[PDB]
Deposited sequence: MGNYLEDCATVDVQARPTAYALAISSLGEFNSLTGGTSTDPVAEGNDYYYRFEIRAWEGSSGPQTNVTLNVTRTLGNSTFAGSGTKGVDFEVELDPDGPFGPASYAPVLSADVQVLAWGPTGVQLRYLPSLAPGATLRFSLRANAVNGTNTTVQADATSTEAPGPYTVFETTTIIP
């Protein structure tokens, strides 16, 4: 019925869209990136459709950066077998992500392909550190899954 499940997780902040290392705190006037995962339950009755991430600023003054360019302002990677297999994260084709909304205070991304049971998506989002704490709410949903699934991640910004 429900018979499909999804999960969301925060991975915290990084100083690069992909690779690099962790950050937080962040000095005002520097870029940083939030990373979030959406994970399809390995037991799901088939692939999931319209897998959507909605991120919104709830506290503080940092802003999502740029105009919404894939490979600079955001990245979406697929781990095709999730934690259950040795395949790694690789960026999807530009064709496979729709920017529903890109603004300094809110970003919405939808994955157009269907998401295999067990597979995971990694979303990286560029932000402008502006002083104090920034917190964002991340919501994950799909058509088939009883969403939303919600986390809050928080970044300390040095004035």
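**Student:** So, counting the deposited sequence from position 1, which segments are absent from the coordinates?
**Tutor:** Gaps vs deposited seq, in order: 1 to 16, 148.
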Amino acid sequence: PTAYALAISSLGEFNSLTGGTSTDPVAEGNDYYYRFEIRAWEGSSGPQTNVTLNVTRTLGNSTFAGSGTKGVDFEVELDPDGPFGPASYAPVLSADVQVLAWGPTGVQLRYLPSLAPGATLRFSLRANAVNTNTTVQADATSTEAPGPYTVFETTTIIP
From here on, numbers count along this sequence of modelled residues.
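**Student:** Of the two stretches 38 to 46 and 120 to 128, which shows the higher Cα B-factor on average in the entry?
**Tutor:** Per the PDB entry, the higher value belongs to 38 to 46.
**Student:** Going by the B-factors listed in the PDB entry, is the mean over the C-alpha atoms higher for 5 to 13 or for 132 to 140?
**Tutor:** Stretch with the greater average CA B-factor: 132 to 140.
**Student:** Would you mind checking which of 30, 62, 67, 52 has the top Cα temperature factor in the PDB entry?
**Tutor:** Of the options given, 30 has the highest CA B-factor in the PDB entry.
**Student:** By its CA B factor, does residue 18 count among the lowest, middle or highest third of the modelled residues in the chain?
**Tutor:** As the PDB entry reports it, the C-alpha B-factor of residue 18 lands in the highest third of its chain.
**Student:** Determine, from the deposited record, the chain-internal third of the Cα B-factor for residue 107: lowest, middle or highest.
**Tutor:** Middle third - that is where residue 107 ends up once the chain's C-alpha B-factors are sorted.
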